[PDB]
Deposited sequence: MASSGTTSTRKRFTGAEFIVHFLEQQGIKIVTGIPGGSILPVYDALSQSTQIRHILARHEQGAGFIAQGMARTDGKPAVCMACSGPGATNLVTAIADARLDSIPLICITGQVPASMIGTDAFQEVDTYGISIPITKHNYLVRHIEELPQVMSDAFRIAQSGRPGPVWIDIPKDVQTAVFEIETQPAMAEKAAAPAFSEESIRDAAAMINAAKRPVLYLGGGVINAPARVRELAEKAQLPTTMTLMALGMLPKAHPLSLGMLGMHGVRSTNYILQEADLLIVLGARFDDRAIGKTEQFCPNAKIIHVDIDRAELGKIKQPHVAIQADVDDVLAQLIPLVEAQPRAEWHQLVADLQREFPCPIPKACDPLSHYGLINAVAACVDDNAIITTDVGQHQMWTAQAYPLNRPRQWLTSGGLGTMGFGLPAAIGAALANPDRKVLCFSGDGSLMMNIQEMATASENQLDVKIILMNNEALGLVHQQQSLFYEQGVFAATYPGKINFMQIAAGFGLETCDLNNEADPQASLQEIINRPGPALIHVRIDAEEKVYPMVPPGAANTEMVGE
């Protein structure tokens, strides 16, 4: 089996089971595209902007649990991938990003990717192409996953060489001492007021995380990245903690004497001022990345491992306690806490009444996102797709497009705002041309909005450079991209019907720009200092 470099790339991608690949062609990547035209297994989706290609790859990857692939040419193609790749890095998503480059014989793609990738490559001769790709796919998916960037010079793609590529699979998870699991089991069994603090890393262990939470009867809080790890109404659900979390549980955490941290990284937006976050709490911290252990809070028991393997070795050693008095305390604090048509919360509720637990939910970034995180009943793992680490405006629509492509059966609702939706508005075309089942729920405040709230609450000269006049018609635009549109103006009947019928849709709702996301923790404050 003899190949050209481009044909080998395609063949390898086939043997990793890739069925979809998304990108945009250009000169320096045209050989791979030539080979890719010949694949009977891999379909190629043409984005309208390479940032869109990357975020669509991201939507696939955030729903499958496997790396997704995006492609671009040198120069502006590569540079346009940057935001999508960096977003992939800070939220820990397996992406393989393939870029053509000028013949080995320009823009320093390698250099630019150094600080935003889990690893990257410049293939200088074709003989390296097998190892490179096999290691890229290993690196992207092992340990703490992330994006790997492979830059391949055109003269390597059109070379020929001689070799059978297998399916690269994940590296083995770290080992961990049984004394550690014993010591954690002892601390959990002896704790008066434990809380279970879940992050985006527990995402492939819903069974054992649920089993643990219910056995030990642990109040469980989740980060923005862990919504759905317990169904919203679950009686142990403190819901989400932190900057815009629920007030009762922000106070409840300060009562904890031990917190069990699985898959979280103590980001300030969940923790607030580090030193004032659960001072009287001993900490157990289980994380697959050594570098996260003790990075922000020092744990009393630290395990570098996969959460599943730990919880497997830990649940049979954890006693099953009613924790009755601690629950009365949780409830008593909750009986002093805020609570929630075409309202913003009412809109979220109305849209939820239109779909199953089978829906996939995507968001852009801003007030509409925090509102959705607060009120939508997210009850499944890998149902909730949001950009948290980088917090990229424009993530929502292309992410939803990817999710649709990866699950053609399901419905993808994309809660967006007027500002974020314009960042990748062009991918509307991508949605209609593939006739994908994505429904954009646009809360249009004619404002940036999260900025509007930060300036109005915290800066002396108030709102500036954060408002729009309202001479943009979003229904006209979505219609010109080929989507059905709706403007609540039975309203519900129109909503349920626009959601029920297939194809991509835009649903538009006016919202007063003065509306707020409460509670808010002012930047740099303790989690007990909420507005």
### Message
Please give the gaps, as residue ranges numbered from 1 in the deposited sequence, where no C-alpha is present.
### Response
1-10, 116-123, 182-183, 361-366, 516-518, 561-562
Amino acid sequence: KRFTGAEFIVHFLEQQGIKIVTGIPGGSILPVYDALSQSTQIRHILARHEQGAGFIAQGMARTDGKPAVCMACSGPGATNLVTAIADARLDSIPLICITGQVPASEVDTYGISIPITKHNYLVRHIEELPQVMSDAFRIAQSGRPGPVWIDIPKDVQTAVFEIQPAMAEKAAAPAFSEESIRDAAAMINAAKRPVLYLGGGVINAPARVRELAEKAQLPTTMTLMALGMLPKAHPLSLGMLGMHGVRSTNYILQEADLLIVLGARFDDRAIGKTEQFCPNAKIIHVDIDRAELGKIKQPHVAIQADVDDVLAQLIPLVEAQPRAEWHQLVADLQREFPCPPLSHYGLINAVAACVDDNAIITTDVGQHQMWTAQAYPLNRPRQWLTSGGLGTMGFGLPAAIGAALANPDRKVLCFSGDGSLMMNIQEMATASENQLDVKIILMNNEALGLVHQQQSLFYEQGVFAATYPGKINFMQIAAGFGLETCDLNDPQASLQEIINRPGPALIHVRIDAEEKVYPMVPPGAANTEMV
From here on, numbers count along this sequence of modelled residues.
### Query
Which has the higher mean CA temperature factor in the PDB entry, 346-354 or 237-245?
346-354
### Task
Decide which of the stretches 46-54 and 463-471 has the higher mean C-alpha B-factor, going by the entry.
463-471
#### Entry: Candidate residues 364, 108, 287, 446, the one whose C-alpha B factor the record puts highest
446
### Task
Could you tell me which one of 91, 151, 169, 267 shows the highest CA temperature factor in the PDB record?
169
### Message
Ranking the modelled residues of this chain by C-alpha B-factor as given in the entry, is residue 100 in the lowest, middle or highest third?
### Response
lowest
### Third assignment of residue 479 from its chain's C-alpha B-factors
highest
### Query
If you rank the chain by CA B-factor, which third does residue 521 end up in: lowest, middle or highest?
highest
## Note on the structure
Of the three thirds of the chain ranked by Cα temperature factor, residue 124 occupies the highest
### Summary
Among the modelled residues of its chain, the C-alpha B-factor of residue 20 falls in the third labelled middle
